[PDB]
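So the chains spell out like this:
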Amino acid sequence: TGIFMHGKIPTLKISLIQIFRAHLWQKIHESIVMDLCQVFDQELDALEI
RNA sequence: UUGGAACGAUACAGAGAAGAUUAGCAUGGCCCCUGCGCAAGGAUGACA
């Protein structure tokens, strides 16, 4: 994740590991990348792309 | 070609959660009830 731990809060570390399991950060980034691709793919002949 | 480092580096993976999870029936315990067997035992009905 991109979460920076300011001190060893072990309970918070475990919670954030459970919340961002199965590579959720990469999946979120990829999904937003795909969404921007589609929103820019639709308007390619109007934005002169 | 030949040496550092090897409690390191990188590669993969990363849920570092929490657990002997859970549905059915039968057995077993208890109290009846019903049927049959076994061993005995009660009370009672019946003329020429």
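Residues numbered from 1 in each chain as written, not as in the entry; some residues may be left out. Chains lettered and ligands numbered in written order. Part of a larger assembly, values for the part shown. Heavy atoms only, no water.

The name the PDB entry gives chain A is Pre-mRNA-processing-splicing factor 8, with Homo sapiens as the organism. As recorded in the PDB, this entry has the title "Cryo-EM Structure of Pre-B+5'ss+ATPgammaS Complex (core part)".

A. Focus on the overall build of chain A. Scanning chain A for helices and strands turns up two helices and zero strands. The principal-axis extents of the C-alpha atoms in chain A amount to approximately 50 × 20 × 10 Å. Within the span of chain A, comprising 49 residues, buried residues form 2% of the whole. Surface accessibility of chain A: about 4,600 Å² in total, with carbon and sulfur atoms responsible for 65%. Computed over 4 positive and 6 negative side-chain charges, the separation of the two mean positions in chain A equals 35 Å. (Helix = DSSP H or I, 4+ residues; strand = E, 2+ residues; numbered from the N terminus. Buried < 20%, exposed > 50% of the residue type's maximum accessible area, 1.4 Å probe, protein only. Areas by Shrake-Rupley, 256 points an atom, 1.4 Å probe, with all protein chains shown as cover. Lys, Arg positive; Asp, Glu negative; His and termini not counted. Charge placed at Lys NZ, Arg CZ, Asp CG, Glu CD.)

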